[PDB]
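Below is one structure, written out as structure tokens, with a few remarks after it.
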Number of protein chains: 2
Amino acid sequence: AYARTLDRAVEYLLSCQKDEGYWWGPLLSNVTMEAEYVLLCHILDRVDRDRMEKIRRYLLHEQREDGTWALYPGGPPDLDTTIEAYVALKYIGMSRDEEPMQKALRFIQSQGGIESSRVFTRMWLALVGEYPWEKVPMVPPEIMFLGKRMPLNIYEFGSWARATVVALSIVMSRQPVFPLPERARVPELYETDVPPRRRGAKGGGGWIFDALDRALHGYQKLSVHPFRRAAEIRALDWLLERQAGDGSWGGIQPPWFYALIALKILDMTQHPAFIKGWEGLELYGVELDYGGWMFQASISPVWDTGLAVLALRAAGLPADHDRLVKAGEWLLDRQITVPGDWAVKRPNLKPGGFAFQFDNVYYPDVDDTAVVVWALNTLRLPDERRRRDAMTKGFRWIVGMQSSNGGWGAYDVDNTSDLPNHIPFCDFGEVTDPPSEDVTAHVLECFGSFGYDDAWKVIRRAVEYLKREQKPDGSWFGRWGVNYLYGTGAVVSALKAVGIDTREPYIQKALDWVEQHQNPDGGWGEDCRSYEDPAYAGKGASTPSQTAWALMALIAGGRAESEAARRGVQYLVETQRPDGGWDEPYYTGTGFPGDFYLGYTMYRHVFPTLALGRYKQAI
Amino acid sequence: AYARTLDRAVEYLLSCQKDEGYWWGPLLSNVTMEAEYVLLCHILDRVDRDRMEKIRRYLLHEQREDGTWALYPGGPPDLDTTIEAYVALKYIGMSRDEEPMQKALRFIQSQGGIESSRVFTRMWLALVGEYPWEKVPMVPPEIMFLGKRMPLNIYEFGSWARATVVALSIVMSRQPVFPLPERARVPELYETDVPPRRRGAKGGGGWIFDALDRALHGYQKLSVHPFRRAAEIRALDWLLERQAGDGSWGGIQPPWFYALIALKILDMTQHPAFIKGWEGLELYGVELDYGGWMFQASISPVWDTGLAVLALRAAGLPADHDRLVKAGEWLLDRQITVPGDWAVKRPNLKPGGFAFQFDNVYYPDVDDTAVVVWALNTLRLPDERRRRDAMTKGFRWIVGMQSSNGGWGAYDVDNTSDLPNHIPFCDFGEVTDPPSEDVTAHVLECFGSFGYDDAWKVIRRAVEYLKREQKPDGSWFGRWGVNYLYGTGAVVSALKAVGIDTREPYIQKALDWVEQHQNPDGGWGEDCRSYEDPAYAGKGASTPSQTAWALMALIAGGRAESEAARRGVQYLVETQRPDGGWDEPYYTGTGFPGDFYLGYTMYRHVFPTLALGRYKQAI
Ligand SMILES: C=CCN(C)CCCCCCOc1ccc2c(-c3ccc(Br)cc3)nccc2c1
Ligand SMILES: C=CCN(C)CCCCCCOc1ccc2c(-c3ccc(Br)cc3)nccc2c1
Ligand SMILES: CCCCCCCCOCCOCCOCCOCCO
Ligand SMILES: CCCCCCCCOCCOCCOCCOCCO
């Protein structure tokens, strides 16, 4: 039956492999990436008319009939996103009359205008001079002085936030304005009666911070700020030290853009970091077949390559397949051997992790490290010396990263402070990196592949971690994947791996929850709305990836025979394309719960292959 | 007569122009550049077997019949240079038996061996493990803490020494060792009886510094050095902030190499700065037609371009000639508009100078700025707006750089401290950048082209400076050019330009001195030995460039009619090649009096052209 399905998927995946030996599917997000790129180009005075064109085509192509844009396909209109998209289009050349402009402008106004937008959106506008800097939450360069132990020192913020903050403190320190030509001014973003419905910090606006921010904006006003020139040079030096090999900063779109702006601010455009910073951008861009061009919020080569290998194995190719070997080799040259920001809390830990992107040594993550180490463990490469050593280095790095509560975070250990969540600036996404269920599960299944189990204290703490975190209904949250089906799929798959007993009560209570959501069409799906309204936990249009997740929980929990199981397998088998792939017009990946979603374009292919190989495995 | 000479010189000069519009002759020095390159490649573990071949080929080619190498062609053998050359060749592959190696080992031994070499040479050896680090003068990263006003703070050292020091302080901080394979160990450098004749600091060893060095070497021994980790990061940050666009550091070979080593030291090979620093090297290398390869101590495009223009004008081409225009334009895009290290002593000075090389924004120099500004002032470019503005900025920057005594240094204002000259480490070359006669002369002739004169305070102080510096015999020293003919040629040329009277006594006393040294062949020459032994002042084989310098002093002083003058012109006319060039197998350029000489390969063509055009001018 499914045999042919799997056989076709395998040859498909094997076809998508790049020459050097890795897999790399584009990462999808929302249009703020390209909208901000347009503004960035204006700031830096490097606008390519041809490029703007491809971006115009893209922006429009992404707009929906109602004239809005969303965080994910089939999602509610997003005010922030739509505002930026508007400004972008207007700049590129479209007049406010045009149908597209009109519908958008309407949505925007019916929402209270610009005053209802997140800090980032008002700050971008602040940069081009379409909004008062005085109304934008300050993050002073002095932040650079707070030492290792102290409220709000930069290491209390998560890796992604950290860099962004350092970068911005230079920007906000100078509050510069790069005027838009008259044709593009967007005063209409104010023309509304609807009362501004302001969004507050991700944790609550304690009156102290409102005061503190008011103080800072006042201190901005003064004629002299002692030691500020130094606070700035601190920020700058902090950035020069960590710039990634590809010219970016963290391999992510935000700080990369803000750093380039800061460099421009400091009259440093003729400097090596700026140049390399700028030219590196092209690697993240993508030529869309319909004449458009998008920019990736980040790139996922390691991740893709890691899972690709794991699936192609569970499927059936031999641990020494000449094709998997190329992958295994490539992965070995990616291991990070130098200390990164993580070392600030673990000075005596031997580096051995990996990163999401191609070259980003200072920010390896647990998830990628666990997947890569595990995936390697399943291969047989020529140099058995290196495979052995690398795993070892990576293995230990992971262990050494295990946070206090027994669970693993992504970038740091115990980056669990609560303080950062309350400042004015932090109104969008996460801002700290606490441990999560999904990463922990992946770490756990990593170890399990080796043969470690319940006995070893390490695991024990993790499992206890996972158990205290299970939701009432038996489900597990999904931090970096959408959502309960993602988490649950992982946890159960993991626990099975570390030797626990699939028969225990809470394991069953989870296994049951899965079956209870199988959609009529014999597969599973979960819409991104499940981060906002709980009515959507387990609910959504059936996707190939989420189906595979559910199937894995089922297969791990012993219920491979179950009807739900077979039914699921049917879905993946019927919905497969003639070439081997699977489509998936929905995002099944998470950036930040409620605020930012991602579409891992390889998930649709890899997980179904992996889930199927595991079904065949249990027979 | 000379008309044809001049015509052929022009069409030749014009032929050497590059497309983008500038001139760029290779800069010649000594083999320590290539020898150190070889060791650097070993340190960085990036040895190209083919490149080594082209290097072995050059190294041998430059060795004299006696088996030694010198600082300049036709010069005494140099211990330092020969030692490094030796080690380089041994590493590349030649055994200590070979004819060339034997002769060399002899000279080296007859001198007291390795113990008689400069700090830099023992330090390079120290790096590959062929010499105890304990015997190498220390320069601690803590140097980084000394503030603006304090003995030995880094801004008390000249621009070139500064960067080198910062770089090395990280290296000496860690005292690393990159062992040579056994085949290349060079213990024989010790095998000698001749008593070591140690070279001391450029100014004398005050017992304080020996004490200080001895303490510093003892402190190295300790198990913990508080605040050192900071000191290091201070140096690295100072270094990452100043890297040149071409990836170098200061556009000179020394700090560039040391910085790369320090980055290697700091486990930062996959950092943007390291990568750029490494790949930038190629631009400085040169393929020699006989199969060898050399590395330039530095590059002189701006300088070459500036003089080229000035000569082709004095020569006869129209101030709007299309070729000189390409040049004028190119020169405008080179003006530096941001502040450099010089601003530390002149915070309110508007940047507007130029550099020697292509892209080196933090280190513009008075000499290049004066020549470029002056040259621009003789052209008529399309955008007269920009020529007008550029000159004004350059002009004012120069004025703002005039040191206390009334003269001009090359990179800084009053970099006249005497303290640095006594520390153990400083045993080779200059280490501070005090004002010099030749740069001042050039600045003066620059203003003169605009018409300013004796009445403007600025010029008055400068002339008073030059007068207090004239030598007893009426000659003027040559800091950056070889030597008394270079300086005298300039001063007289300058003073004539600022309106002073060529009839005054001291002007005549100098003019006379020039005629006094005309060689029998009706031209002038001055050997590099004149920095060591005064019996060589004005004496040496005739060279085309030095002839031109003498001729300019003669022409400026009114004695164009003079027999010496005519005779000189005869020389330049008889010795000219069929194509229009002129040969010159001697170095006529100075790096550091006594210690480092340069061969500006364009001098032989440009000055004779300039001199001749000025002869024709006065008729
Ligand atoms: C599942 C395993 C792979 N790991 C590796 C997770 C991959 C997620 C990294 C890609 C997303 O990176 C970011 C990180 C921060 C982002 C921010 C952001 C938000 C708040 C602050 Br304050 C600063 C930046 N804004 C917009 C987009 C972003 C994408
Ligand atoms: C004449 C007009 C152009 N100006 C612009 C002068 C051009 C000279 C710059 C090229 C030489 O640059 C250097 C500078 C320093 C050099 C050092 C050196 C010596 C002692 C220390 Br302490 C550090 C470096 N060693 C070896 C070689 C060098 C060449
Ligand atoms: C630069 C001094 C050498 C410091 C030794 C390396 C130890 C660094 O401490 C780790 C924690 O600091 C955060 C990031 O390190 C990454 C980039 O800094 C690079 C230079 O070390
Ligand atoms: C970095 C914030 C300081 C901004 C003021 C610019 C003043 C720079 O000082 C000039 C002299 O200092 C040495 C070098 O300057 C070059 C590199 O520093 C770059 C960023 O300014």
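Each value in this text was obtained by applying a stated rule to the coordinates, not by laboratory testing. Backbone-built Cβ (ideal geometry, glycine too); neighbour counts: all protein chains shown.
Overview of values
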{"item": "For chain A: relative contact order, % (alpha-carbon pairs under 8 angstrom, 6 or more apart)", "result": "17 percent"}
{"item": "Debye intensity ratio I(q)/I(0), log10, chain A, q values 0.12 Å⁻¹ (C-alpha model)", "result": "-1.31"}
{"item": "The protein assembly as shown shape via C-alpha gyration tensor axes, a/c threshold 1.5", "result": "prolate"}
{"item": "Label point distance in nm, B:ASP322-A:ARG183, each placed 7 Å from Cα along Cα→Cβ", "result": "3.5 nm"}
{"item": "Gap separating the Cα centres of the range A:508-531 and the range B:442-511, nearest whole Å", "result": "91 Å"}
{"item": "Cα-centre dipole for the range A:487-619 with unit charges at Cβ (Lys and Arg positive, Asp and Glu negative), debye to 20", "result": "420 debye"}
{"item": "Extreme residue, positive dipole direction of the range B:27-298, given options B:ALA230, B:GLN111, B:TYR72 (C-beta unit charges)", "result": "B:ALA230"}
{"item": "Added length on full extension, which subtracts the Cα-Cα distance from 0.36 nm per residue, A:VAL399 to A:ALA455", "result": "18.6 nm"}
{"item": "Relative contact order (%) - criterion: Cα under 8 Å, at least six apart; region: the range A:361-442", "result": "31 percent"}
{"item": "Mean separation of Cα contacts under 8 Å (6+ apart) over length of the range A:232-328, as relative contact order %", "result": "20 percent"}
{"item": "Label spacing, shortest first and in nm, from B:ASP267 to its equivalents in the remaining copies (7 angstrom along Cα→Cβ)", "result": "3.8"}
{"item": "Other-copy label distances relative to A:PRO505, 7 angstrom Cα-Cβ extension, nm", "result": "11.6"}
{"item": "Amide N of the range B:230-257 lying under 19 Å from the label point, which is placed 7 angstrom from the Cα of A:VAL338 along Cα→Cβ", "result": "B:230-244, B:247-249, B:256-257"}
{"item": "Cα pair distances exceeding 29 angstrom across the range A:27-298, given as percent", "result": "33 percent"}
{"item": "Neighbourhood charge, 9 Å Cβ-Cβ cut-off, centred on B:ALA355 and excluding it, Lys, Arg +1 and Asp, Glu -1", "result": "-2"}
{"item": "Positive-end extreme of charge dipole, the protein assembly as shown - chosen from A:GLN220, B:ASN415, A:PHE425 (charges on Cβ)", "result": "A:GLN220"}
{"item": "Separation of the A:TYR190 and A:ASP45 label points, Cα + 7 Å toward Cβ, nm", "result": "2.8 nm"}
{"item": "Spin-label model distance (nm) - A:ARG380 vs A:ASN421, 7 Å beyond Cα toward Cβ", "result": "4.9 nm"}
{"item": "Amide H partners (placed H, <5 Å) of A:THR601, local residues excluded", "result": "A:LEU28"}
{"item": "Long-range HN-HN contacts of A:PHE596 with modeled amide H, under 5 Å", "result": "A:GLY591"}
{"item": "Neighbour-count ranking [beta-carbon atoms within 10 angstrom, fewest first] of B:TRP133, A:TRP24, A:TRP524, A:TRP256", "result": "B:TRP133, A:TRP24, A:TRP256, A:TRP524"}
{"item": "Rounded to whole Å, sorted largest first: equivalent-ellipsoid semi-axes of the range B:379-518, Cα gyration tensor", "result": "26, 23, 14"}
{"item": "In degrees, nearest ten, helix A:99-109 long axis to first principal axis of chain A (Cα)", "result": "80 degrees"}
{"item": "HN-Hα J in Hz across the range B:445-453 - Karplus 6.51, -1.76, 1.60, θ = phi - 60°, x for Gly and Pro", "result": "5, 5, 4, x, 4, 7, x, 5, 8"}
{"item": "5 angstrom amide H check on A:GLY481, placed H, neighbours 5+ away", "result": "A:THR590"}
{"item": "Shortest-first distances to equivalent copies, position B:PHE227, nm, label 7 Å out along Cβ", "result": "1.6"}
{"item": "Residues A:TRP374, A:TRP480 arranged by fewest to most Cβ contacts within 10 Å", "result": "A:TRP480, A:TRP374"}
{"item": "Debye, to nearest 20: dipole size of the range A:250-350, +1 on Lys, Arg Cβ, -1 on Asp, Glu Cβ", "result": "500 debye"}
{"item": "Taking B:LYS457, A:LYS539 and counting other C-beta atoms within 10 Å, the order from fewest to most", "result": "B:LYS457, A:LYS539"}
{"item": "Point-charge dipole on Cβ atoms (K/R +1, D/E -1) for the protein assembly as shown, about Cα centre, debye to 20", "result": "1740 debye"}
{"item": "Whole-Hz ³J(HN,Hα) from phi, Karplus 6.51 cos²θ - 1.76 cosθ + 1.60, for the range B:384-392, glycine and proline x", "result": "4, 5, 5, 4, 3, 4, 3, 4, 4"}
{"item": "³J(HN,Hα), Karplus 6.51/-1.76/1.60, whole Hz, each residue of the range A:427-439, x for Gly, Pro", "result": "9, 10, x, 7, 8, 9, 10, x, x, 9, 4, 4, 5"}
